[PDB]
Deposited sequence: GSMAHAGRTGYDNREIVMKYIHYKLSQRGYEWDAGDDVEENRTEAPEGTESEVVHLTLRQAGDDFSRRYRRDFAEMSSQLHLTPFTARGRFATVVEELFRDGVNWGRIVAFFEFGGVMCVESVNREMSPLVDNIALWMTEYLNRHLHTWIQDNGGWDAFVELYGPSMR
């Protein structure tokens, strides 16, 4: 099975989102559930992103102000600005990290049902707005090739 891109369908992106969120929550000891080198590379890339981010900025959750009524709009506003002038793998990693932060903060703030919603919002945004860019730019395979190496 080497003729086509790894994780080349929306169903695969969904799995990718669910595994990512499960991991981000597990790092905080919160248990939740709803391509293998792809999941591994994204874990690594997001962790390395977070490390760099935190060197320069305060905790990402310090500027969120989550409520159940405003969470979807907060998500959409942030992500729409993130990709307003374009897409690249670094911004896609930023997208996963932001979604993970939304989920962690939801559980922290005793709004844990929002996790399931955030996972759906991420999956939909990925499939509606990032997936065709991903296919046009070498698939998750290209991402693995570029971000596979540490740092």
**Item:** Segments lacking C-alpha coordinates (deposited sequence numbering, starting at 1)
**Value:** 35 to 50, 168
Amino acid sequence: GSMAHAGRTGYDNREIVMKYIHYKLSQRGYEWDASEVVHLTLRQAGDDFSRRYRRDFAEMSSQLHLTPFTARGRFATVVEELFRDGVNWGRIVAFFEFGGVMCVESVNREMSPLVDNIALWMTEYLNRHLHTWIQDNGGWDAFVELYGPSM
From here on, numbers count along this sequence of modelled residues.
**Asked** Do the CA atoms of 84 to 92 or those of 51 to 59 have the higher mean B-factor in the entry?
**Response** 51 to 59
**Item:** Per the entry, higher mean C-alpha B factor between 63 to 71 and 23 to 31
**Value:** 63 to 71
**Asked** From 108, 117, 123, 41, which pick has the Cα B-factor that tops the rest in the entry?
**Response** 108
**Message:** Based on the deposited C-alpha B factors for this chain, I'd like to know if residue 151 is in the lowest, middle or highest third.
**Reply:** highest
**Message:** Taking only the Cα B-factors deposited for this chain, tell me whether residue 144 sits in the lowest, middle or highest third.
**Reply:** middle
